[PDB]
Amino acid sequence: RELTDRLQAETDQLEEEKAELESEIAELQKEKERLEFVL
Amino acid sequence: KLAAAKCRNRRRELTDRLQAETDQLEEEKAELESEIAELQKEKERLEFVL
């Protein structure tokens, strides 16, 4: 289980970055929607 | 009429740029999802053999 943990630790890193991207996407869409629908 | 069309195009320009940025982030997210898959694909090869 030693070689598998380095893999999982790198998976964890990528998952944080992915969550950061999803957070940016949602915020930009909220802004887009603000402009589109005039809110 | 033409002046109203200018403000419209400027916002439509802005909303398009917000969408072009979104598409870029979505591409980046897709690349991250590949790398994750390739890593889990190996965590299973090893865990399988081990």
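Side chains included, hydrogens not; waters and symmetry mates left out as well; all remaining heavy atoms used. Chain letters run A, B, ... following the sequence lines, proteins first and then strands; every chain starts at 1.
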Pair B:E28, B:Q24: side-chain N/O donor-acceptor within cut-off below 3.5 Å: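 Short answer, yes.
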Residue pairs passing the salt bridge (charged side-chain N to carboxylate O under 4.0 Å, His left out) test where at least one lies in residues 17-27 of chain B, sequence neighbours excluded: B:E13-B:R17, B:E26-B:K29
Partner residues of A:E20 under the side-chain hydrogen bond (donor to acceptor under 3.5 Å, both in side chains) criterion, sequence neighbours left out: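 Here no residue qualifies.
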Check: residues 26-38 of chain A side-chain donor-acceptor pairs under 3.5 Å, at least two apart:
unit_1	atom_1	unit_2	atom_2	d
A:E27	OE2	A:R34	NH2	3.4
A:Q29	NE2	B:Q19	OE1	3.0
A:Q29	NE2	B:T22	OG1	3.2
A:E31	OE1	A:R34	NE	3.3
A:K32	NZ	B:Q19	OE1	2.6

Contact check, side chains of B:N9 and B:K6, non-hydrogen atoms, under 4.5 Å: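 No, side chains not in contact.
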